[PDB]
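S.K.:
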Amino acid sequence: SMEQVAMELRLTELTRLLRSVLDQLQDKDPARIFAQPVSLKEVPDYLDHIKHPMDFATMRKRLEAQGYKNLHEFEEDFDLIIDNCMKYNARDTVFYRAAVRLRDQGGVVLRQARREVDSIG
Numbered sequence: 022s023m024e025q026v027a028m029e030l031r032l033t034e035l036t037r038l039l040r041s042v043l044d045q046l047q048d049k050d051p052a053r054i055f056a057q058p059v060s061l062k063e064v065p066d067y068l069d070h071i072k073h074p075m076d077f078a079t080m081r082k083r084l085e086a087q088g089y090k091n092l093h094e095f096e097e098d099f100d101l102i103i104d105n106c107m108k109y110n111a112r113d114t115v116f117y118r119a120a121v122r123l124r125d126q127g128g129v130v131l132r133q134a135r136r137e138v139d140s141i142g
């Protein structure tokens with residue numbers, strides 16, 4: 022149908038907007054602390070602590086599979102990265118501090134993407 026196509030065009034454009042958002046968020050992690058999944062070889066007990074692991078490479082796989090239907094779903098995954106880190110790591114660590122900074126700095130980017138998604142529909 023012509024409707025399924027128009028829908029596929031919007032999803033593709035949302036995917037394009039979310040790709041730019043992802044790149045902006047990831048620039049706010051220059052140390053690449055959140056770039057890849059926490060290693061289960063190096064933190065064998067991680068899943069006893071954190072039930073829904075997340076990271077930027079895993080979000081990127083989902084993104085490129087057009088697996089995000091809206092900004093809310095994307096934000097949920099970004100919040101997991103931050104929230105997982107702030108539970109697993111203590112306050113006085115480079116990792117916890119890096120999540121606080123990513124959270125504060127990403128908020129500006131997410132604030133405008135919400136307006137752009139509402140705006141362009």
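Residue numbers (the authors' numbering): 22 to 142. All residues carry an ideal CB built from backbone N, CA and C; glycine is no exception.
1) Which stretch, first to last residue, makes up the alpha helix (DSSP H) that contains residue 27?
2) Using 8 Å as the cut-off, can you tell me whether the region 39 to 48 makes contact with the region 78 to 86, which would need three or more C-beta pairs spanning the two stretches below that distance?
3) So the candidates are 34, 106 and 26; which of them puts its Cα closest to the Cα of residue 92?
4) Could you compute how far the alpha carbon of residue 28 sits from the alpha carbon of residue 89?
5) Tell me the rounded alpha-carbon separation between residue 121 and residue 114.
6) Would you call the CB atoms of residue 105 and residue 75 closer than 8 Å?
M.R.: On the basis of the data shown:
1) 23 to 48
2) yes
3) 34
4) 13 Å
5) 11 Å
6) yes
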